[PDB]
Amino acid sequence: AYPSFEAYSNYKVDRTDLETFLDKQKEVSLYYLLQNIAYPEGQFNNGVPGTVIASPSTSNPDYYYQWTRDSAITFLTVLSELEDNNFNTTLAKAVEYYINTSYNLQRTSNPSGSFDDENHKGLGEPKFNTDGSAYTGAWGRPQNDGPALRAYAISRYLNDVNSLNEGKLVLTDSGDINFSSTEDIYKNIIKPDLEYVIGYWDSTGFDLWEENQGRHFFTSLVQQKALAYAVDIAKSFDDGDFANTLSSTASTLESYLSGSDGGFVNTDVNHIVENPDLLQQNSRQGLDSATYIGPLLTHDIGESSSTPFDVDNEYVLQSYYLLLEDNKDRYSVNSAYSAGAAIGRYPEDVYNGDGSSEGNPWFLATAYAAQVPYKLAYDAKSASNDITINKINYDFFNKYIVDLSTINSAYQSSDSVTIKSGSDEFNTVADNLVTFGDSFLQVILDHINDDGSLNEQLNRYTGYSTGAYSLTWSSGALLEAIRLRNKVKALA
Ligand SMILES: C[C@H]1O[C@H](O[C@H]2[C@H](O)[C@@H](O)[C@@H](O[C@H]3[C@H](O)[C@@H](O)[C@H](O)O[C@@H]3CO)O[C@@H]2CO)[C@H](O)[C@@H](O)[C@@H]1N[C@H]1C=C(CO)[C@@H](O)[C@H](O)[C@H]1O
Ligand SMILES: C[C@H]1O[C@H](O[C@H]2[C@H](O)[C@@H](O)[C@@H](O[C@H]3[C@H](O)[C@@H](O)[C@H](O)O[C@@H]3CO)O[C@@H]2CO)[C@H](O)[C@@H](O)[C@@H]1N[C@H]1C=C(CO)[C@@H](O)[C@H](O)[C@H]1O
Ligand code: NA
Ligand code: NA
């Protein structure tokens, strides 16, 4: 049940009309995303401002909590909207309430620890109650992705304040508020998260799915991003030695991610092994949608981020392809899909959304799967960069994107194919990438609730939605897929 949920229902979903669907969901999913964020000017005006619920579901399952990860990812979408709107005050107030509530959560002692522990050990805590209190039940803690994603989101807000609002914050005359300046946000909210990442990146915690302990590609990747992105922020506040500490630590994490210490790049199977310790344990073979979700989050389309493992990385792209192939056989709901399909978390998954039996495809993983080919095309076209296709990825391209032999008949004799910007071959591949991306959004259209809200999961047999209702992260993932689709299609 989800008693606080309010439906929009401002249109009848037509499952035969993708273009119209995506036009309407650009607004409907934003409505549902914002509904789960507490702010005085919003629908959720009775919660502590800055609290993001993962879902209005309070039973079967009970997701009425604030997770550091979901809240940060939610705010990355809010920030994308804020940026597209040339800095909307309403949204900026929501971001600042979230920054303030994050300040309070950071200082809340919990089962992972406290703020005054070494490098703020308490910041590893995955979730809190909506009233701001510590969640004291058993849980897969700590999770070291949260502080990284939050540091990144709040850093990005500061860059936006400086670039789009002439350095001006919007809530600094409110009583509730634990900052008076951008420097206060950096020193007292961003920097503690960065100190946590510096202190704990190479320690044991749970993955983003809250289930396994050890090395995790997504976690290390979002940590590397937060550190790299904060370098210039630190420099801007005359925090130069710390800026260089961030730079060196980011470089160290980049080497970790790319080498045999991390264990993520696996040249036996030529794809990323998301959780290398589980490969060692023989419990999972390493395919995971987090492998491509992370790259998407750490290379936001405005930024031209140079951080490692963008979606063009051959190992990331092969994990994507192989998970797609797996899931097209595993889930009966996918049996008639010729192109994209409903994608889950990992092939070994047993979480059904409210217990254990068999795992399902997830709306968020499916929406992120659309973004992969959209971003390949966008990156190339927007920068006039070549598309380079490594031999590891020839099967993927030949199955879904292009007959490579029509590009270069001798492709099998080369380690790669490079397709020059502006060529007919390039336009063919870019266009075919977008068509392929669209097929994943069609899967969403096939199975979305009539009210336009997205659950956590869709049943692997029937495609009916299941698990947590109107999941904020589902809404965000779809919103970012639509934003990317529109941006790539708008390119001349
Ligand atoms: C919400 C979450 O749920 C499932 O995992 C939970 C359990 O439901 C929960 O009982 C608790 O499990 C412990 C258990 O009760 C106890 O017997 C034992 O000693 O140890 C357990 C903790 O290790 O904790 C876990 C979470 O650690 C799933 O397995 C999860 O995948 C699931 N995560 C979802 C939900 C959200 C919120 O939107 C996302 O942030 C997240 O990425 C997601 O995968
Ligand atoms: C309008 C409706 O559409 C969506 O439902 C889909 C499925 O997602 C989809 O997989 C497909 O279902 C078939 C399925 O593959 C298989 O199990 C079985 O063989 O038969 C199905 C084909 O007859 O087809 C339907 C579309 O007909 C959504 O998933 C739904 O949420 C949606 N609305 C339903 C659901 C509800 C409440 O859950 C009602 O409020 C409503 O009246 C109804 O239309
Ligand atoms: Na104040
Ligand atoms: Na890139």
# chains A, B, ... in the order shown; residues from 1 in each chain; ligands from 1
call {"tool": "select_by_dssp", "arguments": {"residues": "range 133-295 of chain A", "states": "alpha helix (DSSP H)", "output": "JSON, numbers by chain"}}
result
{"A": [146, 147, 148, 149, 150, 151, 152, 153, 154, 155, 156, 157, 158, 159, 160, 161, 162, 163, 164, 182, 183, 184, 185, 191, 192, 193, 194, 195, 196, 197, 198, 199, 200, 217, 218, 219, 220, 221, 222, 223, 224, 225, 226, 227, 228, 229, 230, 231, 232, 233, 234, 235, 236, 240, 241, 242, 243, 244, 245, 246, 247, 248, 249, 250, 251, 252, 253, 254, 255, 256, 257, 258, 276, 277, 278, 279, 280, 290, 291, 292, 293, 294, 295]}
call {"tool": "closest_atom_pairs", "arguments": {"of": "chain A", "to": "ligand 3", "cutoff": "8 Å", "atoms": "only C-alpha atoms and all ligand atoms", "output": "Markdown table"}}
result
| residue | atom | partner | partner_atom_place_in_ligand_line | distance |
| --- | --- | --- | --- | --- |
| A:172 | CA | ligand 3 | 1 (Na) | 6.1 |
| A:173 | CA | ligand 3 | 1 (Na) | 6.8 |
| A:174 | CA | ligand 3 | 1 (Na) | 6.8 |
| A:175 | CA | ligand 3 | 1 (Na) | 6.0 |
| A:176 | CA | ligand 3 | 1 (Na) | 6.6 |
| A:177 | CA | ligand 3 | 1 (Na) | 4.4 |
| A:178 | CA | ligand 3 | 1 (Na) | 4.9 |
| A:179 | CA | ligand 3 | 1 (Na) | 5.2 |
| A:180 | CA | ligand 3 | 1 (Na) | 5.5 |
call {"tool": "residues_around", "arguments": {"residues": "range 248-263 of chain A", "least_positions_apart": "2", "cutoff": "6 Å", "atoms": "only C-alpha atoms", "output": "MDAnalysis selection string"}}
result
chainID A and resid 224 227:228 245:246 265 276
call {"tool": "residues_around", "arguments": {"residues": "residue 149 in chain A", "least_positions_apart": "3", "cutoff": "12 Å", "atoms": "only C-alpha atoms", "output": "number ranges by chain"}}
result
A: 67-76, 123-124, 143-146, 152-156, 190, 193-194, 196-197, 208, 218-227, 229-230, 294, 297-298
call {"tool": "select_by_dssp", "arguments": {"residues": "range 212-438 of chain A", "states": "strand (DSSP E or B)", "output": "list in words"}}
result
residues 213, 265, 266, 271, 272, 351, 356, 362, 387, 388, 389, 390, 416, 417, 418 and 419 of chain A
call {"tool": "write_last_selection", "arguments": {"atoms": "C-alpha atoms", "output": "mmCIF file, in the first residue's frame"}}
result
data_model
loop_
_atom_site.group_PDB
_atom_site.id
_atom_site.type_symbol
_atom_site.label_atom_id
_atom_site.label_comp_id
_atom_site.auth_asym_id
_atom_site.auth_seq_id
_atom_site.Cartn_x
_atom_site.Cartn_y
_atom_site.Cartn_z
ATOM 1 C CA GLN A 213 30.294 -7.146 0.684
ATOM 2 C CA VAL A 265 38.393 -5.562 -15.889
ATOM 3 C CA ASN A 266 38.365 -9.252 -16.689
ATOM 4 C CA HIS A 271 33.647 -7.680 -19.658
ATOM 5 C CA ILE A 272 33.443 -5.916 -16.299
ATOM 6 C CA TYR A 351 14.782 -10.454 -4.878
ATOM 7 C CA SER A 356 13.008 -13.882 -2.318
ATOM 8 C CA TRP A 362 13.632 -3.322 -13.155
ATOM 9 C CA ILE A 387 32.856 6.154 -33.164
ATOM 10 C CA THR A 388 35.479 3.510 -32.408
ATOM 11 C CA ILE A 389 34.303 -0.078 -32.122
ATOM 12 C CA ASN A 390 36.665 -2.534 -30.465
ATOM 13 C CA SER A 416 38.848 -2.092 -34.219
ATOM 14 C CA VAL A 417 36.651 -0.134 -36.645
ATOM 15 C CA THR A 418 36.819 3.681 -36.566
ATOM 16 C CA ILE A 419 33.887 5.499 -38.121
#
call {"tool": "decode", "arguments": {"residues": "range 149-214 of chain A", "atoms": "C-alpha atoms", "output": "PDB file, in the first residue's frame"}}
result
ATOM      1  CA  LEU A 149      26.968  10.461  -5.032  1.00  0.00           C
ATOM      2  CA  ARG A 150      25.874  13.087  -2.460  1.00  0.00           C
ATOM      3  CA  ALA A 151      29.248  14.892  -2.655  1.00  0.00           C
ATOM      4  CA  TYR A 152      28.924  14.939  -6.426  1.00  0.00           C
ATOM      5  CA  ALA A 153      25.295  16.192  -6.449  1.00  0.00           C
ATOM      6  CA  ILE A 154      26.009  18.965  -3.931  1.00  0.00           C
ATOM      7  CA  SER A 155      29.249  19.958  -5.735  1.00  0.00           C
ATOM      8  CA  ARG A 156      27.244  20.212  -8.943  1.00  0.00           C
ATOM      9  CA  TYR A 157      24.689  22.488  -7.236  1.00  0.00           C
ATOM     10  CA  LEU A 158      27.537  24.810  -6.207  1.00  0.00           C
ATOM     11  CA  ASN A 159      28.834  24.916  -9.773  1.00  0.00           C
ATOM     12  CA  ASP A 160      25.301  25.715 -10.955  1.00  0.00           C
ATOM     13  CA  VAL A 161      24.848  28.478  -8.352  1.00  0.00           C
ATOM     14  CA  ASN A 162      28.091  30.032  -9.566  1.00  0.00           C
ATOM     15  CA  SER A 163      27.416  29.593 -13.296  1.00  0.00           C
ATOM     16  CA  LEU A 164      23.664  30.222 -13.493  1.00  0.00           C
ATOM     17  CA  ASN A 165      22.704  32.290 -10.422  1.00  0.00           C
ATOM     18  CA  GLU A 166      25.664  34.673 -10.005  1.00  0.00           C
ATOM     19  CA  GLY A 167      26.947  32.876  -6.892  1.00  0.00           C
ATOM     20  CA  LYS A 168      23.678  33.418  -4.980  1.00  0.00           C
ATOM     21  CA  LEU A 169      22.069  30.829  -2.717  1.00  0.00           C
ATOM     22  CA  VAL A 170      18.299  31.012  -2.192  1.00  0.00           C
ATOM     23  CA  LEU A 171      17.591  29.863   1.382  1.00  0.00           C
ATOM     24  CA  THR A 172      20.174  31.666   3.450  1.00  0.00           C
ATOM     25  CA  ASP A 173      17.625  33.871   5.258  1.00  0.00           C
ATOM     26  CA  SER A 174      15.557  30.882   6.362  1.00  0.00           C
ATOM     27  CA  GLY A 175      15.800  29.828   9.993  1.00  0.00           C
ATOM     28  CA  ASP A 176      16.206  26.145   9.455  1.00  0.00           C
ATOM     29  CA  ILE A 177      19.419  26.407   7.472  1.00  0.00           C
ATOM     30  CA  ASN A 178      22.935  25.215   8.280  1.00  0.00           C
ATOM     31  CA  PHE A 179      24.840  27.356   5.783  1.00  0.00           C
ATOM     32  CA  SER A 180      25.151  31.056   4.915  1.00  0.00           C
ATOM     33  CA  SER A 181      27.350  30.823   1.808  1.00  0.00           C
ATOM     34  CA  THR A 182      28.628  28.445  -0.857  1.00  0.00           C
ATOM     35  CA  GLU A 183      31.862  28.077   1.156  1.00  0.00           C
ATOM     36  CA  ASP A 184      29.801  26.839   4.153  1.00  0.00           C
ATOM     37  CA  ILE A 185      28.206  24.166   1.927  1.00  0.00           C
ATOM     38  CA  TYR A 186      31.648  23.056   0.696  1.00  0.00           C
ATOM     39  CA  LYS A 187      33.306  23.045   4.130  1.00  0.00           C
ATOM     40  CA  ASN A 188      30.479  21.489   6.136  1.00  0.00           C
ATOM     41  CA  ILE A 189      28.564  19.201   3.751  1.00  0.00           C
ATOM     42  CA  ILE A 190      30.614  18.353   0.649  1.00  0.00           C
ATOM     43  CA  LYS A 191      34.007  18.058   2.320  1.00  0.00           C
ATOM     44  CA  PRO A 192      32.915  15.583   5.060  1.00  0.00           C
ATOM     45  CA  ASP A 193      31.528  13.246   2.341  1.00  0.00           C
ATOM     46  CA  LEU A 194      34.820  13.571   0.472  1.00  0.00           C
ATOM     47  CA  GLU A 195      36.732  12.824   3.688  1.00  0.00           C
ATOM     48  CA  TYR A 196      34.595   9.709   4.137  1.00  0.00           C
ATOM     49  CA  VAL A 197      35.456   8.542   0.606  1.00  0.00           C
ATOM     50  CA  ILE A 198      39.165   9.252   1.150  1.00  0.00           C
ATOM     51  CA  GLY A 199      39.000   7.331   4.448  1.00  0.00           C
ATOM     52  CA  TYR A 200      36.907   4.333   3.436  1.00  0.00           C
ATOM     53  CA  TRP A 201      37.080   3.701  -0.352  1.00  0.00           C
ATOM     54  CA  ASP A 202      39.442   0.794   0.231  1.00  0.00           C
ATOM     55  CA  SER A 203      37.447  -0.771   3.070  1.00  0.00           C
ATOM     56  CA  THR A 204      34.641  -3.329   3.020  1.00  0.00           C
ATOM     57  CA  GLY A 205      31.059  -2.295   2.458  1.00  0.00           C
ATOM     58  CA  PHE A 206      27.920  -3.420   0.711  1.00  0.00           C
ATOM     59  CA  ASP A 207      27.060  -2.771  -2.924  1.00  0.00           C
ATOM     60  CA  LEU A 208      24.394  -0.439  -4.318  1.00  0.00           C
ATOM     61  CA  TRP A 209      21.874  -3.296  -4.271  1.00  0.00           C
ATOM     62  CA  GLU A 210      22.563  -3.692  -0.500  1.00  0.00           C
ATOM     63  CA  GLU A 211      23.372  -7.400  -0.672  1.00  0.00           C
ATOM     64  CA  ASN A 212      27.062  -8.272  -0.975  1.00  0.00           C
ATOM     65  CA  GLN A 213      30.294  -7.146   0.684  1.00  0.00           C
ATOM     66  CA  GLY A 214      33.613  -6.567  -1.071  1.00  0.00           C
TER      67      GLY A 214
END
